[PDB]
Amino acid sequence: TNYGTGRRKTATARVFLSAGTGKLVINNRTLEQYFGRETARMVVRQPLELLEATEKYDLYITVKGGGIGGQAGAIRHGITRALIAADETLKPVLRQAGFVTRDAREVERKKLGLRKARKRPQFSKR
Amino acid sequence: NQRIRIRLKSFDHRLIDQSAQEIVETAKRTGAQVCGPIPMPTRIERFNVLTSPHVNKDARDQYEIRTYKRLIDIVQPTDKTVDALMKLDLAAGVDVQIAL
Amino acid sequence: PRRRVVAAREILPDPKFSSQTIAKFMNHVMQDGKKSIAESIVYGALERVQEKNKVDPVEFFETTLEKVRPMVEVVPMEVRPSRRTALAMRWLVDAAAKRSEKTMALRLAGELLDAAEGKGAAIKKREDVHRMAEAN
Amino acid sequence: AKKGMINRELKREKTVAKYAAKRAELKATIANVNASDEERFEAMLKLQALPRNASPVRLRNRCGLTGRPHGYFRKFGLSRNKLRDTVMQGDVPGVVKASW
Amino acid sequence: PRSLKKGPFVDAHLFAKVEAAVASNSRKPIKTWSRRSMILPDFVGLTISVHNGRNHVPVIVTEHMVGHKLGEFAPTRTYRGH
Amino acid sequence: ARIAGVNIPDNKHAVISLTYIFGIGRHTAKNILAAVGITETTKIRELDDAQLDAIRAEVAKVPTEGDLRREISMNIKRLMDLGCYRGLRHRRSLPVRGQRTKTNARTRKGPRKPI
RNA sequence: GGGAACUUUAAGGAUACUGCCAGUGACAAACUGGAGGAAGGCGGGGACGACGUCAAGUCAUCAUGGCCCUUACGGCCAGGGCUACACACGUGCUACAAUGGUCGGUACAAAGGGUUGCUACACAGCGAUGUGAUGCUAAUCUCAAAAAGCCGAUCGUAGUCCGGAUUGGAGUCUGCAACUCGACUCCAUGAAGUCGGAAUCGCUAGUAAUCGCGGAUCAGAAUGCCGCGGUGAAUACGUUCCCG
């Protein structure tokens, strides 16, 4: 019914929100099957637990790119945007929680003459 | 079931879109349906060139070159469409490939 | 810096207990970005202390932290509150590292329980700081 | 580089081009499973009896303007000094300073 | 090492010389620059002067040497200590 | 137990204990165990005397300690006597397989000798 | 089949300006706090380096004044050397283990290369590889397996089921040719090493640390160089001293 798109570290998540019992599938998999570590599962569930609406909605989620943390963040962002689209009155609570902000941090490029973005080769006065 | 495929390659995107727009406009005038232009992913090649003649390894210029590609589809081609396409001029810096 | 005042970096609460203290302890334990291993180590110890005394993991951890918290550094002057906790966690991880047991989680739980009765190298180092503070 | 070295490179290129066909023929005959072991053996002996300069592995890429044997950049055919000069003058189509 | 499917490698001009000597029975040392040639069973009993970059050193081929390169018995660097 | 004249560890798995014999590695131990049908996780202390005899029979098939050391010594001596390049390197106690000697030859050259 | 919704691809645009509120500073330049907003005071990174200093570096990229050689200080060839080895120094890689090693099962990337090339799949081999064969001039086929991660078993602090140097024996591939002097595979061997003095180096956030992936050069030959993403910290009271 409602749609949302989430982005975090080169990962993109498409979220389809409806009204239902609480079913949640990711890439035709369950949450526990898709995510192995507990914190990734908790991050995905955070918005609905905050809203106390874990039981009223059904979620259909796809995600591509990035790693496990980036994908969890993208799914959370997409769920937040879907909830906002469903009801505009929920925006202040989610914004106060901090879920509506797109985290723009990204990997800094390697630079000429350096081993990494900032790391410098060892140097000696002697 | 005749479809015409046009592929455009260039080192200059402004030129490539100018040529694609001209081709599309001509095809629309002749009276045939067209699909596109579709932008294909760009190729980027980079080089590091030492600037000093003898010894400064950290003194390099970084250069790049890009290859832009466009795809155009012509469906239900009228008779005038084809002869118009060979009558169409060729602009320097853009390479065109036509498949029937 | 020299001219500016840089704000402290706020850390997110732990997604399982909503405890910034637990999150900071996990960050102190973690090495080279391996957050999952540190999470497993900390959570295992929290469950172990819960079984060996039925107490709330968060409250038991705060009480032990306040027990192992110093009060002064070293020139005597009053250590700011954040550095107190930062120094207590370092002692609690360093001393826990040196016990002999199968896993780091079990060592951490064991020395948490040991420090809850005031028996441990961290508390001994705290008494050392007390002595050398009496020196000044 | 020196005129002697440039002429040496030219002579080796000419020899390789002259002997290209027979070398491929002998290599195919050696690889032929249906051919006899003796056929393959004399094919190998003839290949070893070919002149040394006929082998492509003895060619070294040199700058097309100065003959420098280091820093070749196959794509342009020029060494780094001439590539820098000509790119910065603007005679290479598509190459620009790279930043990202 | 050279792949077994290709067989051992011997220079043709050296092979002709050793074959001619063995067809005959000349004991004259065979002077060669081919340090890369493989020692074959036909080489046993012969004297070969192998170039080492400056001189030609004589080597008397025995049974135990079969399967080695000619250059292994003609060292090219000189060293006696510091 | 004593296998091929060697006292292998008693409280270890068989696949690990058999590697204490010269000339037997992990692959050889696995092959030997698979040829007598003893599980690799069984310690040698729960092995019957008949199984130990079967293991001894299997081990005697490959060169293990004395023959192996003797053959390696003979191989090195042959090169040193023949005087090829490798023989000369063995005589001088320097790296044999083409490694640099201006620095980093410490395993062959022993500890540093001051000038 | 079909659809043009979404992701993406890539051209053109919009947006952020102390714009709004509060307090301060001079009452100005400004500064501090709050709302909205993806983003708030320079949002992050790159390229771009003033007048000048060092008789700084390069006559071996190239050009050029002057000096020198002309059966040689010019040109051609085979073999050798640039890879030496009582030693000293600089820059790195791999370790000394349990936040780990091994085994079985099972997830998640980005960027780049491919027609003298990359190769699906089948067969043979323990393996590096070989043979047959298929698609690709590439958002179409391929290199390609991401690794750390998660679940299960085992090892129990030992110079060890840590470490992987050195040496013996078999091989594969490139190449006219792997002796001096290549890379890789298999069996055997299993060195120093128990966290390193005086001293000294890098780094303020998607940074440090750690994990893998790609390219230029190139028949073959990266622990170097130039790039790509995954996981992801600690600490800043201040200018009293060290350097500029």
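Residue numbers begin at 1 in each chain, while the letters A, B, ... track the order of the sequences.
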Taking 3.5 Å as the limit for both distances, would [N] and [M] pass as Watson-Crick or G-U wobble partners?
N      : M      : value
G/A198 : G/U115 : no
G/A122 : G/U131 : yes
G/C184 : G/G171 : yes
G/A183 : G/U172 : yes
G/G130 : G/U64  : no
G/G81  : G/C67  : no
G/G168 : G/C162 : no
G/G215 : G/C225 : yes
G/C121 : G/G132 : yes
G/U185 : G/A170 : yes

Choosing from [options], which nucleotide comes nearest the side chain of [X]?
X        : options                : result
E/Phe9   : G/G168, G/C76, G/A178  : G/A178
B/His13  : G/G227, G/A11, G/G169  : G/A11
E/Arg2   : G/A177, G/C218, G/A165 : G/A177
C/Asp32  : G/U99, G/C176, G/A209  : G/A209
D/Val57  : G/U99, G/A177, G/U167  : G/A177
A/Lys111 : G/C173, G/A233, G/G45  : G/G45
F/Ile76  : G/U167, G/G45, G/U207  : G/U167
E/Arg36  : G/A177, G/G169, G/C155 : G/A177
C/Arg9   : G/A98, G/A84, G/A205   : G/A205
B/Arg70  : G/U154, G/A183, G/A11  : G/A11

Base, sugar-phosphate alone, or nothing: which one does [X] contact when heavy atoms must sit under 4.0 Å apart?
X        : answer
B/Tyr68  : sugar-phosphate
F/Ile24  : sugar-phosphate
A/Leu114 : sugar-phosphate
D/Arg23  : sugar-phosphate
F/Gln99  : sugar-phosphate
E/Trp33  : sugar-phosphate
C/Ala86  : sugar-phosphate
D/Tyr19  : nothing
C/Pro1   : base
A/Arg8   : base
B/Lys9   : sugar-phosphate
E/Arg77  : sugar-phosphate
D/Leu50  : nothing

Letter per nucleotide, 5' to 3', of [range] [B base touched, S only sugar-phosphate touched, - untouched; heavy atoms, 4.0 Å]:
range                          : value
nucleotides 32-38 of chain G   : -----BS
nucleotides 128-136 of chain G : ---------
nucleotides 57-64 of chain G   : BB--BS--
nucleotides 4-9 of chain G     : -BBSSS

**Q.** Qualifying side chain to side chain donor-acceptor pair (under 3.5 Å) pairs, either residue in residues 115-126 of chain A, two or more places apart
**A.** A/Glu108-A/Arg118, A/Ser124-A/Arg126
(Q) Listing request: all side chain to side chain donor-acceptor pair (under 3.5 Å) pairs with a residue in residues 51-65 of chain D, at least two apart in sequence or in separate chains. (A)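 For residues 51-65 of chain D, and leaving out neighbouring residues, the side chain to side chain donor-acceptor pair (under 3.5 Å) pairs sorted by first residue read D/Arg12-D/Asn53, D/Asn53-D/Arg58.
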Q) Angle class for the E/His56/E/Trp33 ring planes (parallel below 30°, perpendicular above 60°, tilted otherwise)? A) perpendicular
Q: For A/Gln96, enumerate each residue passing the side chain to side chain donor-acceptor pair (under 3.5 Å) test, keeping only those at least two apart in sequence or located in another chain.
A: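 If we apply the side chain to side chain donor-acceptor pair (under 3.5 Å) test to A/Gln96, skipping adjacent residues, there are no hits.
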Q: Just jot down the side chain to side chain donor-acceptor pair (under 3.5 Å) partners of B/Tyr63, sequence neighbours excluded, or say none.
A: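 Listed in chain order: B/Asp61.
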Can you name the atoms? Protein N/O to nucleotides 47-50 of chain G N/O, anything below 3.5 Å, with the distance.
{"residue": "G/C48", "atom": "OP1", "partner": "D/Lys97", "partner atom": "NZ", "Å": "3.3"}

Protein-nucleic acid N or O pairs under 3.5 Å, nucleotides 147-151 of chain G:
{"residue": "G/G149", "atom": "OP1", "partner": "C/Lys34", "partner atom": "NZ", "Å": "3.0"}

Q.
So, OP1 or OP2 of G/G92: does either fall under 4.0 Å of a side-chain N or O from A/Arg115?
A.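 For G/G92, OP1/OP2 do have a side-chain N/O of A/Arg115 under 4.0 Å.
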(Q) At less than 4.0 Å, is any side-chain N or O atom of C/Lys102 found next to OP1 or OP2 of G/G156? Yes or no. (A) no
**Q.** Rounded P spacing from G/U200 to G/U91 in Å
**A.** 14 Å
Q. Does any nucleotide pair with G/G104 by Watson-Crick or G-U wobble geometry, both distances under 3.5 Å, and what is it?
A. G/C151
Between the protein and nucleotides 200-203 of chain G, which nitrogen or oxygen pairs come in under 3.5 angstrom?
{"residue": "G/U200", "atom": "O2'", "partner": "A/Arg126", "partner atom": "NH2", "Å": "2.9"}

Q | C/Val93 or A/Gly69, whichever maps to the more 5' nucleotide of RNA chain G | A |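 Going by which nucleotide is closer to the 5' end, it is C/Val93.
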Q. So which one's nearest nucleotide on RNA chain G is more toward 5', B/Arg43 or E/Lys69?
A. B/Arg43
Give every pair of a protein N or O atom and an N or O atom of nucleotides 85-88 of chain G that lie under 3.5 Å apart, one pair per line with the distance.
{"residue": "G/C85", "atom": "OP1", "partner": "F/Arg89", "partner atom": "NH1", "Å": "3.4"}
{"residue": "G/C85", "atom": "OP2", "partner": "F/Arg89", "partner atom": "NH1", "Å": "3.4"}
{"residue": "G/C85", "atom": "OP2", "partner": "F/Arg89", "partner atom": "NH2", "Å": "3.2"}
{"residue": "G/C85", "atom": "OP2", "partner": "F/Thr101", "partner atom": "OG1", "Å": "3.2"}
{"residue": "G/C85", "atom": "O4'", "partner": "E/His82", "partner atom": "NE2", "Å": "3.3"}
{"residue": "G/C85", "atom": "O2'", "partner": "F/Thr101", "partner atom": "O", "Å": "2.9"}
{"residue": "G/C85", "atom": "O2'", "partner": "F/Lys109", "partner atom": "NZ", "Å": "3.3"}
{"residue": "G/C85", "atom": "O2", "partner": "E/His82", "partner atom": "NE2", "Å": "2.9"}
{"residue": "G/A86", "atom": "OP1", "partner": "E/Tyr79", "partner atom": "OH", "Å": "2.8"}
{"residue": "G/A86", "atom": "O2'", "partner": "F/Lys113", "partner atom": "O", "Å": "3.3"}
{"residue": "G/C87", "atom": "OP1", "partner": "F/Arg106", "partner atom": "NH1", "Å": "3.3"}
{"residue": "G/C87", "atom": "OP1", "partner": "F/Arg106", "partner atom": "NH2", "Å": "3.2"}
{"residue": "G/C87", "atom": "OP1", "partner": "F/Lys113", "partner atom": "N", "Å": "3.0"}
{"residue": "G/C87", "atom": "OP2", "partner": "F/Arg106", "partner atom": "NH2", "Å": "3.3"}
{"residue": "G/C87", "atom": "OP2", "partner": "F/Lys109", "partner atom": "NZ", "Å": "3.3"}
{"residue": "G/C87", "atom": "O5'", "partner": "F/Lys113", "partner atom": "O", "Å": "2.9"}
{"residue": "G/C87", "atom": "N4", "partner": "F/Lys102", "partner atom": "O", "Å": "3.4"}

